[PDB]
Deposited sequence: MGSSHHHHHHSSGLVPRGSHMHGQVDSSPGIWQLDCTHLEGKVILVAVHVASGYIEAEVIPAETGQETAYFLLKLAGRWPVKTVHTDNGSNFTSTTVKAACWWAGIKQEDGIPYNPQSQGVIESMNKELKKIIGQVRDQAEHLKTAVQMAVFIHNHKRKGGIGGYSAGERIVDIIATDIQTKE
């Protein structure tokens, strides 16, 4: 949980795939809806993420995105160390599960305010990042990185 470590996570709803990146130290997330998880979709999402935050290491969500040469090309381009996602720490496994269940709970709570799933997912990203638990995840991530810069 250094300032530059992020974890990918792929969850499913409504026959679609929600890809999420988690900043491990803060719990801040970015997410998108895609029709299915491919190395090209995963590679583009990581290019987006690394232009917006200083992404040093990504633990990939599965072995297909770890092996994908398209994902390795994007991590080369953006200066990211691509790593596996093995929960050498079993708490890791549990933390991700309960984040997927929280996001799915939030999506349910907004789902009727949006025609398209992708709007509901971005509503859920906003509520997750601004929730105070005390600081929010969006507050923690800025604090952590600013501390690292200084």
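According to the record, C-alpha coordinates are lacking for deposited residues 1-26, 160-163, 181-183.
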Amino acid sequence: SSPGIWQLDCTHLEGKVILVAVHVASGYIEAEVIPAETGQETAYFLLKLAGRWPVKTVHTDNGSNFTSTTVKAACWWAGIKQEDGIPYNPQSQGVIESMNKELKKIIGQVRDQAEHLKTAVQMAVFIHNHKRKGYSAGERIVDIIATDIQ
From here on, numbers count along this sequence of modelled residues.
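For the segment pair 77-85 and 50-58, the entry gives 77-85 the higher mean B-factor, averaged over Cα atoms. Averaged over CA atoms, B-factors in the entry run higher in 92-100 than in the other of 92-100 and 116-124. Highest C-alpha temperature factor among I141, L13, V20, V24 per the entry: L13.
In this PDB entry, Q109 carries a Cα temperature factor that places it within the highest third of its chain's modelled residues. When all modelled residues of the chain are sorted by CA temperature factor, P35 is found within the highest third. Per-chain ranking of the deposited C-alpha B factor places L8 in the lowest third.
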